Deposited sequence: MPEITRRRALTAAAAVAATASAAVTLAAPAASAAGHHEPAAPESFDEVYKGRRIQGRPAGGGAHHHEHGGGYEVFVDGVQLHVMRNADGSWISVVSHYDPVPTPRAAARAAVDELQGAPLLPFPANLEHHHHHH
């Protein structure tokens, strides 16, 4: 089963998640409407191209870690 979708404003940025040279991702995340590449690991944790080496439990947690890392910078399309 895919995780549920989400939509919130986190640290002033809109983060959204939804079930759907880069893999064919079963789930999509956006930060202010720009897609963030995310990936699920076998144990159910998530990572993203902004924070690839530090797994977090959910795609919303990956979106929030990306906003934390970006420190206000716009994401670029991948």
- Message: Missing C-alpha coordinates: which residue stretches of the deposited sequence does that apply to?
- Response: 1 to 39, 60 to 65, 124 to 134
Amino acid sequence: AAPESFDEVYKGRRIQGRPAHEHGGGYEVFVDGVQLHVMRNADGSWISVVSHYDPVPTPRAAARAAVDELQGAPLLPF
From here on, numbers count along this sequence of modelled residues.
- Message: For the other entries of this protein included in the comparison (both sides of the residue modelled), is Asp54 absent in a third of them or more?
- Response: no
- Message: Quick check on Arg64: across the other compared entries (only those modelling residues on both sides), is it unmodelled in a third or more?
- Response: no
- Note on the structure: Of 49 to 57 and 23 to 31, the stretch with the higher mean C-alpha B-factor in the deposited entry is 23 to 31
